[PDB]
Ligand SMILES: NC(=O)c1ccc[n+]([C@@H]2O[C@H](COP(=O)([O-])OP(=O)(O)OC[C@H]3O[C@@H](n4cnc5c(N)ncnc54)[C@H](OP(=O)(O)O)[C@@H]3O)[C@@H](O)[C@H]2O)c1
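The chain below stands alone and is given in structure tokens; this is the form deposited without the ligand.
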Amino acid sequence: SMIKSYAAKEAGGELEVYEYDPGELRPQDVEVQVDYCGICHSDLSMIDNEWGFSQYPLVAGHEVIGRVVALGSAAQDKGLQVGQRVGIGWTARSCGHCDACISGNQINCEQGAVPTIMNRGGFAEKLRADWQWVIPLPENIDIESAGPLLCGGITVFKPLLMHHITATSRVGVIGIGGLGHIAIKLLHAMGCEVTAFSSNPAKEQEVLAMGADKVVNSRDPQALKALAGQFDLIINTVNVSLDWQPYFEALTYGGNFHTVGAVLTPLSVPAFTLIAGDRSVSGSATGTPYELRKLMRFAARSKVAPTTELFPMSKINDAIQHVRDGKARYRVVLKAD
């Protein structure tokens, strides 16, 4: 069989129609027909070979909502049926047997979990992934907006799990873009007291409507100092460098500053600041198959969805440029056409 895809033929290149033969389905593989595929900056990073391990032709896309079209020989009794609506996120394969995998922590597999993009992603009519990483979906989920929940959604949901966040938690979110807006929606659904930190507070009382209780300028020193010791958790979602110190001091005792933004400049973390408040600084990215399964359920039940905008896949290069130019409001989703 041939698979029709949109591929980059060189680093930073525009995507071209590219047919490839995937060969026979591996025993653990599931083949999925793409209905929708989100785009995020990680696709751009891979297209651009920002991280140095891209291989060309490169088929990106890792935020897929689609339907099962075929099951490998060892995936025929793994809870999935042909026709079933499913999702595929950033990861497609893990080893299964290392301590991380066998304990249900497959995203941390010791061999390095395999990105979906590496075995050819969702910017295509079809893709394949290991059955463990093919996420079953709730019957009533909104499929047009669900794709980014698999990348951005799980990225901001995971710290809520790691730090045992409940409705009485006081949580701050730095950045109100693609990731930040989903974090605010999820926190609001959890009943938490939510503060957003943004660049432009007055031109974002919109953020209050998203689910924030309070909105503060992310650089305003007096505002930030006044919040000393107030927060159980502050999630950083931006990948630029800020003065982090006031945010560390805004943590209550036992509080956590948690970055899901891949800030390039290392955080400067004074031991005394950690010591004085029994504070922690941590990080994470995407989650396990179980966490993904749980998030999609929670989002469907709570009626939480990312703010998306649809592009036809036939205009995928326009869609990518839209994301590059910072125009996404807030997550671009491709519709397979």
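Position 1 is the first residue in the sequence shown; the rest follow in order. By rigid core we mean the largest C-alpha set that fits within 1.5 Å across both forms.
Keep in mind that the form deposited with the ligand bound is not shown, yet the notes after this line are about it.
*Asks:* Would residue 40 sit within 4.5 Å of the ligand in the deposited bound form, counting heavy atoms only?
*Replies:* Taking the distances in the deposited bound form, the answer for residue 40 is yes, it comes within 4.5 Å of the ligand.
*Asks:* My question is simply whether residue 284 lines the interface with the ligand in the deposited bound form - judged by any non-hydrogen atom within 4.5 Å.
*Replies:* Output for residue 284 is yes: heavy atoms within 4.5 Å of the ligand.
*Asks:* Could you tell me if residue 151 has a non-hydrogen atom within 4.5 Å of the ligand in the deposited bound form?
*Replies:* Because a heavy atom of residue 151 falls inside 4.5 Å of the ligand in the deposited bound form, the answer is yes.
*Asks:* If you check in the deposited bound form, is residue 169 within 4.5 Å of the ligand, heavy atoms only?
*Replies:* No, residue 169 is distant from the partner.
*Asks:* Only one of 195, 256, 145, 155 comes within 4.5 Å of the ligand in the deposited bound form by heavy atoms, so just point that one out.
*Replies:* The option sitting close enough to the partner is 155.
*Asks:* Note which of 82, 228, 209, 240 lies within 4.5 Å of the ligand in the deposited bound form, where distance is taken over heavy atoms; exactly one does.
*Replies:* Looking at 82, 228, 209, 240 one by one, just 240 meets the 4.5 Å heavy-atom criterion.
*Asks:* Counting only heavy atoms and a 4.5 Å cut-off, does the ligand in the deposited bound form sit next to every one of 51, 177 and 219?
*Replies:* Yes: 51, 177 and 219 each sit within 4.5 Å of the ligand in the deposited bound form.
*Asks:* Given a 4.5 Å cut-off on heavy atoms, tell me which of 305-313, 271-279, 24-32, 285-293 is the interface stretch with the ligand in the deposited bound form.
*Replies:* Checking each option against the 4.5 Å cut-off leaves 285-293.
*Asks:* What residues, if any, in 199-220 have a non-hydrogen atom within 4.5 angstroms of the ligand in the deposited bound form?
*Replies:* In sequence order, 199, 200, 203, 218, 219 come within 4.5 Å of the partner.
*Asks:* Please name the one residue from 79, 191, 83, 221 with a C-alpha displacement of 2 Å or more between this form and the one not shown, using the rigid core for the superposition.
*Replies:* That would be 221.
*Asks:* After core superposition, I'd like to know whether residue 164 moves between this form and the one not shown (criterion: C-alpha shift of 2 angstroms or more).
*Replies:* No, the C-alpha position differs by under 2 Å between this form and the one not shown.
*Asks:* Would you say residue 115 moves its Cα by 2 Å or more between this form and the one not shown, aligning on the core?
*Replies:* No; residue 115 is a residue whose C-alpha shifts by less than 2 Å between this form and the one not shown when the cores are overlaid.
*Asks:* Classify residue 136 as shifted (yes) or not shifted (no) between this form and the one not shown, where shifted means its C-alpha moves by 2 Å or more with the rigid core superposed.
*Replies:* It does not, since the residue 136 C-alpha is displaced less than 2 Å between this form and the one not shown after the core fit.
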